[PDB]
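The structure appears below as structure tokens.
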Amino acid sequence: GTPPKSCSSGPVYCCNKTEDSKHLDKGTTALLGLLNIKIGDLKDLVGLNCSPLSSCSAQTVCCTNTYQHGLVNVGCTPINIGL
Ligand code: NA
Numbered sequence: 010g011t012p013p014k015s016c017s018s019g020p021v022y023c024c025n026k027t028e029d030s031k032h033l034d035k036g037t038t039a040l041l042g043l044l045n046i047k048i049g050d051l052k053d054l055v056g057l058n059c060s061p062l063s071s072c073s074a075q076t077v078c079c080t081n082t083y084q085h086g087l088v089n090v091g092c093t094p095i096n097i098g099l
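Numbering (the entry's author numbering), first residue to last: 10 to 63, 71 to 99.
Here it is, written out as structure tokens:
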């Protein structure tokens, strides 16, 4: 029948690291600048080195956008796909 659903949009991502969009470190801010992502328009979390799931030992999040094969994700919120 219906398949299981979690994120309203996109797949569940497994991200090595997540950061508050309003407290990014200087390295992450620079990388986003390099990608021409406008930081002031971001909400929630930024994920770095993210891959979509179809098991994750790091952070499982739902994101609005993924860039450069998951180097950076934006609009990410924590999600719990377990019990
Ligand atoms: Na762990």
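From the three backbone atoms N, C-alpha and C, an ideal C-beta is built for every residue, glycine too.
Residue i burial status per 10 Å Cβ neighbour count (16 or more: buried)
i: residue 82; result: buried
i: residue 36; result: exposed
i: residue 87; result: exposed
i: residue 91; result: buried
i: residue 30; result: buried
i: residue 56; result: buried
i: residue 27; result: buried
i: residue 41; result: buried
i: residue 76; result: buried
Paired residues, beta bridge with residue i - DSSP
i: residue 75; result: 24
i: residue 94; result: 77
i: residue 59; result: 24
i: residue 54; result: 29, 92
i: residue 82; result: 89
Sub-9 Å separation of residue i and residue j beta-carbons
i: residue 96; j: residue 24; result: no
i: residue 20; j: residue 54; result: no
i: residue 59; j: residue 16; result: no
i: residue 22; j: residue 51; result: no
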